[PDB]
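Engineer: I have a structure here, written as structure tokens, and I will follow up with some questions on it.
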Amino acid sequence: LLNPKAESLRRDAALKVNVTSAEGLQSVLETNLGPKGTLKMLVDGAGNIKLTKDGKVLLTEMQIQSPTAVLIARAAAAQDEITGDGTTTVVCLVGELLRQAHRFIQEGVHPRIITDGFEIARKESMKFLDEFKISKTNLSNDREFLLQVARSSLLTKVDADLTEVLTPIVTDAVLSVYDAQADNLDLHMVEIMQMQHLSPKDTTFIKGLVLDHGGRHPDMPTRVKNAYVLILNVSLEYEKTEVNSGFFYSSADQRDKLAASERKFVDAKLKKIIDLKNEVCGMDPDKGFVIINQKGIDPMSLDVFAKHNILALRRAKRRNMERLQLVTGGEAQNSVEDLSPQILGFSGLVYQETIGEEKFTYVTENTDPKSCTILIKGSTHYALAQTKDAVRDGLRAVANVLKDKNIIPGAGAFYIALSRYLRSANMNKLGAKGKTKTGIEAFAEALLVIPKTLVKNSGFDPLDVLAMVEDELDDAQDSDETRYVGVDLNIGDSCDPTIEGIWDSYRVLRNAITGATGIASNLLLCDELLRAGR
Amino acid sequence: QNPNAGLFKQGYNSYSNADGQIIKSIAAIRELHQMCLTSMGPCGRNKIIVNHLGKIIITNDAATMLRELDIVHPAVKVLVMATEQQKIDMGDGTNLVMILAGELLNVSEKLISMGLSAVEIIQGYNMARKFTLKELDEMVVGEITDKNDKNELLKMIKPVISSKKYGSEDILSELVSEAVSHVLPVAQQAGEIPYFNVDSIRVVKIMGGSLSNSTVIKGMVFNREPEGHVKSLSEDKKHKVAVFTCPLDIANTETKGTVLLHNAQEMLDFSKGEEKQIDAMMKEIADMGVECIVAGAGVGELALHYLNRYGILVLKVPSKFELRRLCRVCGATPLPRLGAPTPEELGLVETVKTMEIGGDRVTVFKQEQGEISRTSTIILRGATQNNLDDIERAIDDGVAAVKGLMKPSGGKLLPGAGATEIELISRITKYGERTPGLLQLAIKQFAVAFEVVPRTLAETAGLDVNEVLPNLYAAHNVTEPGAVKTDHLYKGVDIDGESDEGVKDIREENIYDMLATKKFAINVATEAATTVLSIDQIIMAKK
Amino acid sequence: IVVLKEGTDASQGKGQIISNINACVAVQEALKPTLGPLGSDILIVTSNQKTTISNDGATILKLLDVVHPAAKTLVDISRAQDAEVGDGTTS
Amino acid sequence: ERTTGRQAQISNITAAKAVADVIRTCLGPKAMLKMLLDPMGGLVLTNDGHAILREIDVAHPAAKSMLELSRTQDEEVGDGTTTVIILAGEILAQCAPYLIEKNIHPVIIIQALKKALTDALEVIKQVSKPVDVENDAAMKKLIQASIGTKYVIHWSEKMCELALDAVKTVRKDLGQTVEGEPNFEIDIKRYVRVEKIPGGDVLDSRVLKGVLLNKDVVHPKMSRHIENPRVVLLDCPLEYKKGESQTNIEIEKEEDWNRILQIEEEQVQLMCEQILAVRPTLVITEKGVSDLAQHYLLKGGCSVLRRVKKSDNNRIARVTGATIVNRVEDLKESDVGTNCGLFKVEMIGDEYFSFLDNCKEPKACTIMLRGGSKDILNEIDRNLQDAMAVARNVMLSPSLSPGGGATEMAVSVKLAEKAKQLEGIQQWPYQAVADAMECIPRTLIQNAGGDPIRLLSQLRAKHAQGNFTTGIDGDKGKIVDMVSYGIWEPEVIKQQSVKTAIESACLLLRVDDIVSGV
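Right under this line is the structure:
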């Protein structure tokens with residue numbers, strides 16, 4: 005049964021290769037799982053180095069010939085589009101669920117009963133998901149609890165030394181853009197900008213907006229406690245006549261007269277700008293004036309603005325000029341002829357941080373900025389990529405806590421309990437089927453992969469730490485009360501995930517159990533592997 | 007027939023942690039580590055680097071070598087970018103960060119073969135690094151007062167010249183410290199305004215003579231000739247100088263002004279036209295009181311002839327980077343146009359002359375106690391141009407070393423030549439016994455990893471390694487009647503050149519490394535060492 | 010799959026120091042018969058196809074164009090011997 | 013190059029067996045997924061029977077005949093594509109040992125397949141049960157078979173209303189011994205053609221009786237509806253005509269423009285005056301309409317619709333009665349606007365429509381589909397086609413057959429009982445037909461996971477004693493009656509499946525030689 009140029013894997017050996025190929029991807033990605041995991045390095049061949057523990061970011065940068073891992077890569081792509089975190093966890097759930105099913109496949113069990121047993125256990129997992137979940141209050145004074153959510157997100161992607169640095173940055177970033185009275189939040193309002201030539205521990209949070217191009221002049225003010233901000237579209241530099249003309253000078257002094265007469269049109273607008281500073285709060289202390297003006301400014305106007313102690317910015321990005329409308333509040337002035345003090349906005353301390361290569365301008369301390377900035381510092385490129393991946397994953401993880409009021413305790417509290425629940429429930433219930441017991445038991449034993457992997461990367465004995473948790477769960481169940489138990493990776497004993505502050509998002513674990521079950525079932529449903537053109 | 011397991015990806019090559027890539031990565035780094043082991047120290051070795059352009063150079067510094075080497079393998083690229091991290095923020099420690107982070111991985115292999123988890127290895131170094139960085143704050147002996155005295159600069163610059171150019175240490179110390187003191191202003195209790203730019207010290211070298219004939223002048227030095235017929239100005243102070251961006255020639259019109267030729271009658275008027283206009287322009291410019299014209303652009307034939315009759319020294323400087331530093335000295339500002347040398351735009355300079363250096367005459371730019379200069383120049387002389395060029399690299403790193411002395415606690419110092427290294431080993435073992443748990447295995451190996459620096463200086467010096475090691479331990483291990491161990495922490499690794507025996511005190515030769523360089527080098531090297539241990543697998547794919 | 014070189018040959022060790030000496034002996038062995046006024050002459054064929062015969066070590070060694078980097082150091086001292094003195098570039 | 017003798021018979025069996033073997037696991041709701049690696053690096057995990065083999069290129073010509081058989085089979089029935097391929101491929105597989113090992117001549121087998129086809133169709137009619145096609149509640153439970161396991165399951169009641177109201181307009185129910193019986197002929201392709209309208213709700217989907225046109229009215233302000241419309245259909249466009257001579261119009265002098273423009277305005281007015289002589293309220297031109305003709309018919313009190321296809325005018329002629337006319341001067345008095353309810357300019361989703369709909373059924377309706385997006389419209393489209401396909405099979409015969417392998421196994425039992433009196437050489441290939449009938453319930457069990465030998469032995473013994481209506485459950489996999497769980501497919505699915513399988517079996521056995529080259 006063959007024609008030219010065809011290859012086909014037909015009998016049960018076909019499914020054995022697909023599972024084994026999925027088992028190979030499991031062993032690779034199980035090393036980076038958890039905060040105790042390892043940091044993988046990627047090379048594109050051109051010399052670019054990227055350090056990330058995220059599952060999808062790795063899978064998208066790698067090319068996989070194995071067709072089974074491609075479906076896992078496509079499945080991990082949908083996980084980030086929904087959950088945004090836990091793509092590695094889904095991979096560990098799919099692979100082990102196939103390994104545990106592979107044991108029953110060798111016994112002669114048809115994969116339909118195996119897949120149907122996973123769907124029945126998935127429905128019971130969702131029933132346990134609603135009972136096991138915790139409802140968190142919508143109050144924004146929960147920052148103490150948000151410090152625990154930040155650690156759960158940060159400790160995975162960082163050495164845990166940058167956690168103390170990024171914890172106040174990420175937590176202040178989400179609540180500042182979070183609207184009062186139980187409204188939504190916009191992660192686009194938080195800008196992520198990378199810079200070089202400083203240590204990663206110097207990473208600071210920017211409440212306002214930061215600009216790249218700074219004012220160039222030695223006499224520019226270093227800091228201004230309070231200043232009135234002007235948004236101007238008018239060019240303050242040397243211009244030319246709107247109609248074609250020429251400057252013919254008999255002497256060198258006449259050339260300066262023709263040059264000053266042409267700049268007089270700009271100087272007339274320049275006098276209206278400097279007189280507006282004395283018009284409103286000119287002699288008043290704790291008041292200032294700043295020029296963010298978009299177009300260029302000649303050094304002649306920079307010397308005049310320096311005598312007035314006015315910061316003059318030039319050559320600003322068009323997108324940043326629109327961001328200043330929200331951050332500062334000052335309207336964009338298209339023409340100086342229509343300039344009025346009602347157009348100007350108000351801002352707080354504006355201080356220019358001077359580094360030899362790069363000058364920084366801070367718009368911070370604004371009344372209603374409604375936009376944050378996270379300035380990521382690092383010496384190399386990979387130090388910026390690892391921190392940026394931790395910030396992008398950290399902001400969305402905290403955002404899912406305010407959007408979704410339901411929370412779940414981490415440290416394998418949902419995995420270990422559901423694995424013990426489904427094992428003891430199916431024996432008491434017995435409402436599925438006799439042959440389905442294999443699929444239900446295989447799924448319950450496949451849920452143990454995460455707590456066994458977390459301690460595997462930690463180096464501790466997985467059999468010893470699991471027996472200590474099972475003894476605590478049996479003692480808590482006999483005591484007739486509710487006690488959440490989790491594995492402590494640092495000490496090695498058990499722990500209360502509510503006290504230790506290890507928390508997992510509800511949306512992450514909701515789509516992980518449903519997502520891993522559907523993808524692993526589709527792999528078992530494959531009867532034959534066809535290859536054409538190979 | 008024989009299948010292959012572990013590779014499902016596009017026939018690539020990916021080493022799993024089960025294959026021991028971390029051990030293989032350290033072995034690949036060990037090849038580069040042995041390169042730096044013969045570099046650091048005054049007894050170190052120089053490496054010849056043949057460039058792909060057909061130029062043969064030789065240098066001691068490993069950071070220059072890493073730039074000339076093509077680095078691909080990922081475990082090596084981490085330390086190369088870590089070396090560039092050492093190159094920024096300080097001018098010293100290139101051989102320190104490479105040898106230190108290389109040995110941290112060498113002692114890590116003994117923990118890997120023991121079965122100790124790499125995460126528990128990284129956790130051990132992170133706890134031991136915080137113990138070291140906290141102890142180095144209390145291991146400081148003296149602190150530079152920032153008095154900016156020449157003798158105070160001789161204390162810092164002298165050990166910096168060592169390990170790069172040996173035997174010139176005392177000779178180059180008087181040359182570098184003199185030029186630094188010229189840039190350093192006179193101030194105290196002011197930390198707000200930064201100063202001491204690296205570009206403020208220019209280094210020129212001419213073949214011939216020796217280091218004994220090298221001097222230090224206050225000002226910029228230009229290699230170009232005095233184009234004008236006036237070789238040098240008078241000895242009168244404060245000569246006016248005009249910096250012109252526009253070339254010296256007949257002026258043009260800002261609008262069009264394209265020269266066209268129709269009949270021969272116009273060609274005769276173009277010659278007489280440029281003759282009368284340039285003679286009128288150069289006149290009025292020289293009538294403004296400026297005796298020296300620095301042209302950033304070309305100089306015409308007639309424009310140069312008329313300035314020679316007025317006694318105007320013409321010196322062309324096509325480099326805009328030199329004109330910027332010329333403004334910080336004379337005070338003049340470049341003018342885009344020509345013909346209007348405003349006296350407010352004019353500067354002042356006391357002496358512009360042409361001196362013969364190494365047989366060739368060059369026009370210098372200088373001053374004596376007036377119109378203060380923010381830029382100085384070191385004039386080097388030597389017979390071998392190769393070794394003389396390496397002297398310039400040792401001076402530039404010495405200037406960057408003085409830049410290491412600033413507000414962020416740069417004046418703090420620690421005894422060098424393995425004196426602090428052996429002492430720090432015993433202090434970390436003190437932290438090991440006091441810290442319970444599995445960290446003791448990682449903390450002790452963290453202290454043993456610091457034995458590479460003292461063993462390096464003894465190995466490159468021809469000394470017996472087996473003899474020097476106990477002499478370093480017995481010197482820093484003493485019994486004192488009290489908690490503080492008193493008189494002498496100063497025993498270092500002794501580089502002799504003499505005959506007999508033993509180690510020496512750091513106070514004798516005043517050879518030490520600042521705390522700012524050592525504290526920053528350990529933090530970067532340890533972070534780079536724990537970084538290499540974080541990667542258990544590499545994956546390459548099509549971009 | 011990764012490499013540490015991309016075709017950059019670098020060799021070290023104590024054997025490389027000895028190998029650098031043998032390269033200088035080969036350059037020395039050529040210049041030995043030219044030492045002295047009665048010394049032998051070297052027959053050199055330049056890449057320009059011009060053939061010259063002289064016993065002066067300066068003119069000789071400048072026509073060898075030795076590629077070996079360590080042996081190039083002997084060329085630097087030959088120009089220094091030709092500059093400060095001008096005679097005795099063979100010795 | 014050339015394949016002759018019994019070698020071509022082997023290649024014909026290998027080709028048909030390889031094509032079927034792929035989709036043997038694609039039968040049933042529990043059917044296993046198939047992984048097809050594309051030569052470009054992609055893969056397709058879908059278990060759809062037609063979507064897989066369409067992306068699989070084959071070499072042997074008999075393998076291409078099996079692909080073209082499914083394409084024709086999909087035009088008759090909308091589902092059961094894998095059922096026909098397995099049956100057509102297994103008959104040749106069961107006749108393989110007889111054709112070679114037993115050395116039976118192919119014409120002997122082909123002649124026996126014709127007798128096995130007639131006996132099989134009679135058994136299907138015996139095991140089938142009658143159904144009422146006039147019961148609305150019964151027709152909805154039928155179409156629901158092609159509904160469930162799809163996104164339209166929630167709107168299924170409306171999905172049946174779109175399918176039922178569409179087939180009731182096209183159907184012609186007649187019979188007698190005089191002019192013959194049409195056998196309830198219904199054409200879903202041409203007359204039932206759907207129109208997908210974006211926006212709205214699925215509940216807003218209506219079955220419109222008439223024709224629909226997306227082209228708007230040439231003027232913005234026009235009568236929105238006409239009480240008693242008079243429709244005029246014509247071919248030749250309305251524009252200033254051209255002579256039979258070489259005459260060309262080139263105007264330079266400024267006062268010569270009004271001379272030609274007056275002739276242009278006069279000739280177009282005469283063409284519009286011929287239309288307005290009957291005082292029509294509607295004007296529909298197959299070709300374009302000039303701006304001058306638009307103004308003359310604007311003040312004439314009639315709507316103008318430019319650029320209508322000729323195939324549309326034929327369907328416009330049935331909803332109206334307007335006689336097709338070529339030349340504008342040839343307009344017949346037989347041209348009428350009678351039997352036209354209203355003319356609607358109504359706009360839905362910023363798209364102008366045209367409604368010629370009336371209160372009567374001119375044998376052809378128009379389906380108006382609405383939804384939440386274009387992806388929903390395409391989902392309703394293909395699902396309505398499967399909804400109308402099952403509805404078509406029920407309207408083309410009032411009989412239902414038990415599914416889940418019940419009919420497939422019941423025929424195999426009756427063929428074996430008849431084979432006892434069939435003595436003679438044609439009995440050997442005849443019994444291979446009944447063995448091929450058992451392959452359909454076998455694949456359902458293999459896809460279920462139960463023991464195929466134990467269940468098929470108990471399933472065949474169940475028909476030999478108990479009723480023929482006892483099939484196999486799809487979800488469970490245990491022998492059950494089709495009375496409890498119905499799974500009632502129309503007989504037309506079983507009819508065409510058995511007919512095309514024997515024709516395909518006779519097609520491959522009729523070719524004993526394979527020659528390549530032109």
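Residue numbers (the authors' numbering), protein chains in the order written: chain z, 5 to 538; chain q, 7 to 549; chain h, 10 to 100; chain g, 13 to 530. The beta carbon of each residue, even a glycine, is placed where N, CA and C say it ideally should be.
For the 8 angstroms Cβ check, are there 3 or more pairs between the region 194 to 211 of chain q and the region 377 to 384 of chain q?
Structural biologist: The answer is yes - the region 377 to 384 of chain q touches the region 194 to 211 of chain q, with three or more Cβ pairs under 8 angstroms.
Engineer: Can you find a CB in chain z that lies within less than 9 angstroms of the CB of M494 (chain g)?
Structural biologist: For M494 (chain g), the answer is no, since every Cβ of chain z falls outside 9 angstroms of its Cβ.
Engineer: Return the CA-CA distance between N324 (chain z) and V367 (chain z), expressed in angstroms with no decimal places.
Structural biologist: Looking at the two C-alpha atoms, the distance is approximately 12 angstroms.
Engineer: Whose C-beta lies closer than 8 angstroms to the C-beta of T171 (chain z) among residues of the same chain, with five residues either side of it excluded?
Structural biologist: Hits under 8 angstroms: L151, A154, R155 and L158.
Engineer: Which residue or residues does DSSP assign as beta-bridge partners of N410 (chain z)?
Structural biologist: Answer is z:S139, bridged to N410 (chain z).
Engineer: Look at the Cβ atom of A431 (chain g), then the Cβ atom of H475 (chain g), and state whether they are nearer than 9 angstroms.
Structural biologist: Not closer than 9 angstroms, so no.
Engineer: How many angstroms separate the CA atom of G250 (chain z) from the CA atom of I64 (chain q)?
Structural biologist: Near 59 angstroms, if we compare the C-alpha coordinates of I64 (chain q) and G250 (chain z).
Engineer: Return the first residue and the last residue of the beta strand (DSSP E) that residue 9 (chain g) is part of.
Structural biologist: Because chain g is modelled from 13 through 530, residue 9 (chain g) falls outside the range shown and cannot be assessed.
Engineer: Kindly indicate the opening and closing residues of the alpha helix (DSSP H) around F327 (chain q).
Structural biologist: Segment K326 to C336, the alpha helix (DSSP H) holding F327 (chain q).
Engineer: Check whether the region 179 to 190 of chain q touches the region 447 to 464 of chain q, counting contact only when three or more Cβ pairs, one atom from each stretch, lie closer than 8 angstroms.
Structural biologist: No contact exists between the region 179 to 190 of chain q and the region 447 to 464 of chain q.
Engineer: Keeping to the same chain, check which residues put their C-beta closer than 7 angstroms to that of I491 (chain g); ignore five residues upstream and five downstream.
Structural biologist: Here the set comprises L467, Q470, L471, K474, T482 and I484.
Engineer: How far does the alpha helix (DSSP H) with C96 (chain z) in it reach, from first residue to last?
Structural biologist: Element bounds for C96 (chain z): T91 to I109.
Engineer: Reducing DSSP to helix, strand and coil, say where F202 (chain q) ends up.
Structural biologist: Coil at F202 (chain q), not helix or strand.
Engineer: Using a Cβ-Cβ cutoff of 9 angstroms, what residues of the region 455 to 480 of chain q are near chain h? List them in chain order.
Structural biologist: Under the 9 angstroms Cβ criterion, the region 455 to 480 of chain q contributes no residue.
Engineer: What's the gap between the Cα of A320 (chain z) and the Cα of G300 (chain z)?
Structural biologist: Cα to Cα, the separation comes out at about 9 angstroms.
Engineer: Quick one: using the 10 Å Cβ neighbour count with 16 as the cut-off for buried, is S305 (chain z) buried or exposed?
Structural biologist: Burial call: buried.
Engineer: Please tell me whether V11 (chain h) has its Cβ less than 9 angstroms away from any Cβ of chain q.
Structural biologist: Interface residue, yes.
Engineer: State buried or exposed for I27 (chain h), treating a residue as buried only when at least 16 other CB atoms are found within 10 Å of its CB.
Structural biologist: Flag for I27 (chain h) reads exposed.
Engineer: Counting only beta-carbon atoms, is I544 (chain q) nearer than 9 angstroms to chain h?
Structural biologist: At least one chain h Cβ lies under 9 angstroms of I544 (chain q).
Engineer: Since I believe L458 (chain z) is in contact with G416 (chain z) (beta carbons under 8 angstroms), could you give me their beta-carbon distance rounded to a whole number of angstroms?
Structural biologist: Correct: roughly 7 angstroms between the Cβ atoms.
Engineer: Enumerate in chain order the residues of its own chain whose CB-to-CB distance from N29 (chain h) is below 6 angstroms, with the five nearest sequence positions on each side excluded.
Structural biologist: Result list for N29 (chain h): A79, in chain order.
Engineer: Determine the burial state of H114 (chain z): buried for a count of at least 16 other Cβ atoms within 10 Å of its Cβ, exposed for fewer.
Structural biologist: Burial call: buried.
Engineer: Would you verify that the beta carbon of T390 (chain q) is, or is not, closer than 9 angstroms to some beta carbon of chain h?
Structural biologist: True, the Cβ-Cβ gap to chain h drops below 9 angstroms.
Engineer: Can you list, in chain order, the residues of the region 68 to 92 of chain g whose Cβ is nearer than 9 angstroms to any Cβ on chain z?
Structural biologist: Correct list: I68, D69, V70, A71, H72 and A75.
Engineer: In the DSSP assignment, find the unbroken alpha helix (DSSP H) run with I506 (chain z) in it and report its ends.
Structural biologist: No alpha helix (DSSP H) holds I506 (chain z); DSSP gives it neither H nor E.
Engineer: Note the first and the last residue of the continuous beta strand (DSSP E) segment covering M546 (chain q).
Structural biologist: That run of the beta strand (DSSP E) goes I544 to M546.
Engineer: Alpha carbon to alpha carbon, what distance is there between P191 (chain q) and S238 (chain q)?
Structural biologist: In a straight line, the C-alpha of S238 (chain q) is about 29 angstroms away from that of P191 (chain q).
Engineer: Does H39 (chain q) pass the burial test, meaning 16 or more other C-beta atoms within 10 Å, or should it be called exposed?
Structural biologist: Buried.
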